[PDB]
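# Fold and geometry: a report
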Amino acid sequence: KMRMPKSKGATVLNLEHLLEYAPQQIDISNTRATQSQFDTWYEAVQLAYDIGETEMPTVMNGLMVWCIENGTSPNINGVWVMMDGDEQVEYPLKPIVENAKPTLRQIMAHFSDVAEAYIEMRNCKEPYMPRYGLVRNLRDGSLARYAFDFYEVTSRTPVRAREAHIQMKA
Amino acid sequence: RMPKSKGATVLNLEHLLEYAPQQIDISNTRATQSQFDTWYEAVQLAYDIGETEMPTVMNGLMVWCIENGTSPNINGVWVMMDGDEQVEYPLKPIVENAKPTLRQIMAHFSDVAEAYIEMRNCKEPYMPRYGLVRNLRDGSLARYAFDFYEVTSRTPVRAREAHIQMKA
Amino acid sequence: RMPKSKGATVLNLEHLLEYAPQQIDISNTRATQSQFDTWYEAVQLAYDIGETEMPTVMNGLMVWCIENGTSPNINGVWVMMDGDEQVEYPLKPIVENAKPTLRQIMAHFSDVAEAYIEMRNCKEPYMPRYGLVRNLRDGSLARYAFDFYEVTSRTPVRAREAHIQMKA
Amino acid sequence: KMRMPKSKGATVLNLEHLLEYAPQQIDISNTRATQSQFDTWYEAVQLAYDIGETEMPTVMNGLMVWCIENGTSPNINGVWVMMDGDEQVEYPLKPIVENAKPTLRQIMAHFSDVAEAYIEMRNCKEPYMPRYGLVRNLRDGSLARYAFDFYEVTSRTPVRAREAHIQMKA
Amino acid sequence: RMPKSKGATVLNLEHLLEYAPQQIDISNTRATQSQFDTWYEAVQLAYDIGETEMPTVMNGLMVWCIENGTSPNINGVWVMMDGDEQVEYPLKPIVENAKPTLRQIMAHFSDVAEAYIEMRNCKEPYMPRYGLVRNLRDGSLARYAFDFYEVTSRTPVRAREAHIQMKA
């Protein structure tokens, strides 16, 4: 029979709750930073950039698209750019990386679902393979919604996509 | 040729005939009960939690160590979900007091972890992240996809081969 | 062509779009909650047992009705094992108060019965006697081998074929 | 997710005990009479036969071997015989059948394990196919330990034996 | 799992090991000795014959019931040949006192009937009329061609198949 864990003759697990405890893999995964680590980061960039509680969403839109075509391991001393119409708005990367615990990739993994959605609509007008796949010989175009560094391989990910990431990685 | 010292065996074949310890109680792949109790009673004190809800916390920790592993960052935190909310706990007591290794201390959950990784496969496919990261493509072996599994004589040969594949 | 009486639909498509009842809550293959509560609260009174140990009795009854069936002899007794000892209970409250049929009242255990018929297959092969009497030779379908299983949209086609084989 | 049974918001099952409740199939099966129904029968035959608390075992040995070679549905008005050396000791069947609840087959199913053991040793000297298989064209000799009316098909029974019983039955 | 009532087996395995009754003494296909004696001592009285010549009469009756059968007309007569002459006897005592059935009472002659149906095959072919009427075309199975044969573990498979052919 199964040998349930016991300390001093008492099961150390609650079975009424284990049967009804089905966490989504992403919530307890370690490829994504905790929402308590995202909130600290998010608020930190609002403080460094002096952007108000409004307009931050639009700065996060530039970073998301910027982090798809550039990567989530940039230089702490550089500047990421977002297009304000036709011009170029450069922001410092120090708050982005200095306050990204444990790493920016895990902080940016919160955008994974939106990231693939953004690529599809972009790909729904003309070809758009994110640079993370162009500099890694990702040639199939259908698997272009998974060509970004901060993608979270979950139980719902196509197996191909999973194999492709094994290819882009090294 | 029975062992002997001074014209007397140094064994009792009466006892032995009926001495049959299960492999998971003699094996070193799993911490001793005295070690498990010490770890459990130290995590209980370090978390300011009583017996009323400590078992509930252990449900989350097991489910975390199925999806993350038994070699985490000591200066970190393990996550539990209280519904849609997130519950964060330190990993200092978990790793500091888990002698010899947290895997040996978590090997006591091998049977329950096996149940919960198939109890969540019913209804919908589910696969731990110790198999999704280690390139496992067979759902029938999802039961055995966690670091602290106890390989015994009852393990399927196919299961005992996924582990050497995932472990390398 | 939407139904109508007097120039007005007799339906609300707003509601409907988001009205999605699970099949095992609308289906008649399973007794209603008000019927389950009446049966449970009648068996509890007819057995001189409180909430402290009534759940324990229900563990035995489910395991009996997996191995015997849901059409027993009303003037009989269902057996429970308190270790090596035998515990005998009447089947008058079980069948008398189970409206409409005990199978509908036992259909609420279809999910748990499925778990327990696979939770006892781990470790050692196990097969209910509603499959050993109805000529079933495949252990992979042992989960679905009990009278009060609830056939839903999630039932495997192979499982949904064993039942029509066992049911005839 | 699994929908555990509930009455008024409380599970009607104890999960700490269900995981550790693995009854042997025979103990809760209905092909075997309850030990409370065997004890009543057993004691009844001791009262009808006037045999003491000793010597009943030897009368149960004749009935077991008699019920292998004859059947467990005899005439209530007959007499079953056991061999006392070379002679023939006839006993009335009224207490055997009148006090066999629900039926003698279920009362005699308590001897199933011994019954097959008895045949093997009998078959370990010379061929012995119980009459229940001779009058039913049971031709294979290895499956002669399952040729008796009160056999309990369990999870440990060979599948052949199971198919054979389907053949002897009708 | 030995049977038991109150923590004591209800069997003696000492005795059993050496309890080995022949099948034709426990089987119900053949009348008990007390029944045979009652029938024999009733036919003896109903025929006004002593022990001096009763065995001779039984020689004819066995040879009749090999050629006619064990289900005759009670209000009839069975024939014996005293050379070229005919000897007629009633069948009232034969059938009336043969409990439970005359076949069970005549099963005691299965061994002798087998001898006499082969002892008359030596020299010249001979076949009972329970085989000539039931379409049997093999002389090697003439031994087993009578109603009151006792099918035992020693019966040839071919012989045990003629009977089911002749019996249908």
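cryo-EM is the method the PDB entry states for this structure, with the resolution given as 2.99 Å.

### A word on the overall build of chain B
Scanning chain B from N- to C-terminus turns up nine helices and two strands. When the helices and strands of chain B are read in sequence order from the N terminus, they spell out α-α-α-α-β-β-α-α-α-α-α. Taking 2.2 N^0.38 as the reference for a compact globule, 168 residues should give roughly 15 Å; the C-alpha atoms of chain B span a radius of gyration of 19 Å, well beyond that estimate. If one aligns the C-alpha atoms of chain B with their principal axes, the spans along those axes are about 70 × 40 × 25 Å. The burial tally for chain B puts 47% of its 168 residues in the buried class. For chain B, the proportion of contacts with a sequence separation of at least 24, taken over those separated by at least 6, is 54%. Accessible area of chain B: about 9,000 Å², with a carbon and sulfur share of 50%. For chain B, the centre of its 17 positive side-chain charges and the centre of its 22 negative side-chain charges are spaced 14 Å apart.

### Notes on the arrangement of the chains
Left apart from each other, chain A and chain E have a closest C-alpha approach of 20 Å. A gap remains between chain C and chain E, which never touch, and the nearest two C-alpha atoms on either side lie 11 Å apart.

### Focus: the pairing of strand β2 (residues 85-90) of chain C
Residue and element names in this part refer to chain C. Where strand β1 (residues 77-82) meets β2, six bridges bridge the pair, whose relative direction is antiparallel. Looking across to β2, one finds that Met80 is bridged to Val87. Adjacent in sequence and paired antiparallel, β1 and β2 are bridged by two residues, among which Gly83 carries a positive phi angle near 95°.

### Here we look at the pattern of salt bridges
Evaluation of the coordinates by the stated rule reveals 36 salt bridges over all chains. Residues participating in the shared-partner salt-bridge network are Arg3(A), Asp25(B), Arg30(B) and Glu150(B).

### Section: a nonpolar patch on the surface
Residues and elements named next belong to chain B. Together, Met2, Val10, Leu11, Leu13, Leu16, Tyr19 and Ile26 give the surface a local cluster of nonpolar side chains, amounting to about 670 Å² of exposed area. Summarising the element assignment, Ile26 is placed in helix α2 (residues 23-26). Judged by its relative accessible area of 57%, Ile26 falls in the exposed class.

### Quick notes on the interface of chain A and chain B
Counting residues at the interface gives 32 residues for chain A, matched by 40 residues for chain B. Taken together, the two surfaces of chain A and chain B that pack against each other cover about 3,300 Å², and 55% of this comes from carbon and sulfur. The largest contributions to the chain A side of the interface with chain B come from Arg3(A), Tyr21(A) and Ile28(A), which together make up 21% of the buried area. Summed over the shared surface of chain A and chain B, the result is three salt bridges. In this structure, the connection of chain A to chain B is made through 17 residue pairs in polar contact. Those elements that provide at least two residues to the side of chain A that touches chain B are α1 (15-18), α2 (25-28), α3 (35-49) and α9 (159-168) of chain A. Grouping the constituent residues of the side of chain A that touches chain B by class yields 12 nonpolar, 13 polar and seven charged.

### Digging into the packing of helix α4 (residues 56-69) of chain D against helix α7 (residues 112-123) of chain D
Residue and element names in this part refer to chain D. Direction vectors running N to C along α4 and α7 enclose 80°, while the axes themselves pass 11 Å from each other. For the element pair α4 / α7, the angle class is roughly perpendicular. Residues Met64, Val65, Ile68 and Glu69 of α4 pack against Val114, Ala115, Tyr118, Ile119 and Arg122 of α7. Here the residues of the contact of α4 with α7 sort into seven nonpolar, no polar and two charged.

### Some points on the layout of surface pockets
Of the volumes computed, that of the second largest pocket is approximately 940 Å³. If you trace the second largest pocket, you find 36 residues lining it, with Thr31(A), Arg105(A), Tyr151(A), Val153(A) and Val133(B) closest to the centre. Of all the secondary-structure elements, those providing two or more residues to the lining of the second largest pocket are α6 (104-108) and α9 of chain A together with α8 (129-132) of chain B. For the lining of the second largest pocket, the element with the highest residue contribution is α9(A), accounting for five residues. Here the lining of the second largest pocket is composed, by residue class, of 14 nonpolar, 10 polar and 12 charged.

### Quick word on the interface of chain D and chain C
Facing the 32 residues of chain D at the interface are 40 residues of chain C. In total, about 3,300 Å² of surface goes out of reach between chain D and chain C, with carbon and sulfur atoms giving 55% of it. Of all residues in chain D, the largest losses of buried area upon contact with chain C belong to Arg3(D), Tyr21(D) and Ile28(D), amounting jointly to 21% of the total for that side. On the surface where chain D and chain C come into contact, there are three salt bridges. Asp25(C) is paired through a salt bridge with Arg3(D); the nearest N and O atoms lie 2.6 Å apart. Breaking the side of chain D that touches chain C down by element, the ones donating at least two residues are α1 (15-18), α2 (25-28), α3 (35-49) and α9 (159-168) of chain D. Within the side of chain D that touches chain C, the residues separate by chemical class into 12 nonpolar, 13 polar and seven charged.

### Side note on helix α4 (residues 54-67) of chain B
Residues and elements named next belong to chain B. For α4, with 14 residues, the first-to-last C-alpha span of 20 Å sits near the 20 Å given by 1.5 Å per residue. With respect to burial, α4 is a largely interior element, 13 of its 14 residues being buried. Just past α4, the residue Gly69 takes up positive phi, approximately 130°.

### Concerning the packing of aromatic side chains
The full count for this structure, using the stated rule, is 37 aromatic pairs over all chains. Taken together, a centroid distance of 4.6 Å and an interplanar angle of 55° make the contact between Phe146(B) and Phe148(B) tilted. Note on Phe146(B): relative accessible area 0%, which makes it buried. A centroid spacing of 5.4 Å and a plane angle of 20° characterise the contact between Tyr47(E) and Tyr89(E), whose relative ring orientation is stacked. In this pair, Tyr47(E) sits in the loop between α3 (33-46) and α4 (54-67) while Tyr89(E) sits in strand β2 (residues 85-90), placing the two residues 42 residues apart along the sequence.

### A closer look at the nonpolar core
Counting residues in each nonpolar core, the largest one holds 108 residues, and the members touching the most others are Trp39(B), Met62(B), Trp78(B), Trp39(C), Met62(C) and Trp78(C). Beyond its immediate chain neighbours, meaning those up to four positions away, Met62(B) contacts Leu13(A), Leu18(A), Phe109(B), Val112(B), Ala113(B), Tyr116(B) and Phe148(B). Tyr40(E), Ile66(E), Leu141(E) and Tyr149(E) belong to the second largest nonpolar core, which has 95 residues in total.

### Here we look at the packing of α3(E) against α4(E)
All names here are of chain E. The N-to-C vectors of α3 and α4 enclose an angle of 105°; their axes lie 11 Å apart at closest approach. Taken together, α3 and α4 sit at an angle that is classed as roughly perpendicular. Two secondary-structure elements touch here, α3 through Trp39, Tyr40, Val43 and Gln44 and α4 through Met54, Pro55, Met58 and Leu61. For the contact of α3 with α4, the per-class residue count stands at seven nonpolar, one polar and no charged.

### Some words on the environment of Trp39(E)
All names here are of chain E. With respect to the secondary-structure elements, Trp39 resides in helix α3. Sequence spacing of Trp39 and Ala107 is 68 residues, and the spatial spacing of their C-alpha atoms is 13 Å. Residues within four places of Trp39 in sequence aside, it is in contact with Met58, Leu61, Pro93, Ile94, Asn97, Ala98, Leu102, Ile105 and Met106. Polar contacts involving the side chain of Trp39 include one to the main-chain carbonyl oxygen of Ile94, which spans 3.0 Å.

### With respect to unusual backbone geometry
Of the consecutive residues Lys101(A) and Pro102(A), the connecting peptide bond is found in the cis state with omega at 0°. Among the structural elements, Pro102(A) can be located in the loop between α5 (94-98) and α6. With a phi close to 60°, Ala170(A) is a non-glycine residue in the positive phi region. Given the relative accessible area of 90%, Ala170(A) is considered exposed. Backbone geometry at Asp48(E) places phi at a positive 55°, although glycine is not the residue there. Its place among the elements puts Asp48(E) in the loop between α3 and α4.

Basis of the calculations
- Residues numbered from 1 in each chain as written, not as in the entry; some residues may be left out.
- Chains lettered and ligands numbered in written order.
- Part of a larger assembly, values for the part shown.
- Heavy atoms only, no water.
- Helix = DSSP H or I, 4+ residues; strand = E, 2+ residues; numbered from the N terminus.
- Rg over C-alpha atoms; globule rule 2.2 N^0.38 Å.
- Buried < 20%, exposed > 50% of the residue type's maximum accessible area, 1.4 Å probe, protein only.
- Contact = heavy atoms within 4.5 Å.
- Areas by Shrake-Rupley, 256 points an atom, 1.4 Å probe, with all protein chains shown as cover.
- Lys, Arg positive; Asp, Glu negative; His and termini not counted.
- Charge placed at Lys NZ, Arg CZ, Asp CG, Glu CD.
- Pairing = 2+ DSSP bridges.
- Salt bridge = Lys/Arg side-chain N within 4 Å of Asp/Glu carboxyl O.
- Patch = residues over 30% accessible without salt bridge, like charges linked within 9 Å, V, L, I, M, F, W, Y side chains within 5 Å.
- Buried area = accessible area lost by both parts, 1.4 Å probe.
- Polar contact = N/O pair within 3.5 Å; in protein donor to acceptor, adjacent residues only side chain to side chain.
- Nonpolar A, V, L, I, M, F, W, Y, C, P; charged D, E, K, R; others polar.
- Axes fitted to C-alpha atoms, helices over the stretch in contact; angles between N-to-C directions.
- Parallel < 35°, antiparallel > 145°, perpendicular 65-115°, else oblique.
- 1 Å grid on protein atoms, 1.4 Å probe; cavity = no way out; pocket = protein on both sides within 12 Å on 5 of 7 lines; lining within 4 Å.
- Points joined across faces, edges and corners; volume = space filled by probe spheres on them.
- Expected span 1.5 Å × (residues − 1).
- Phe/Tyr/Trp six-rings, centres within 6.5 Å; stacked < 30°, edge-to-face > 60°.
- Core = buried A, V, L, I, M, F, W, Y, C linked by side-chain atoms within 4.5 Å.

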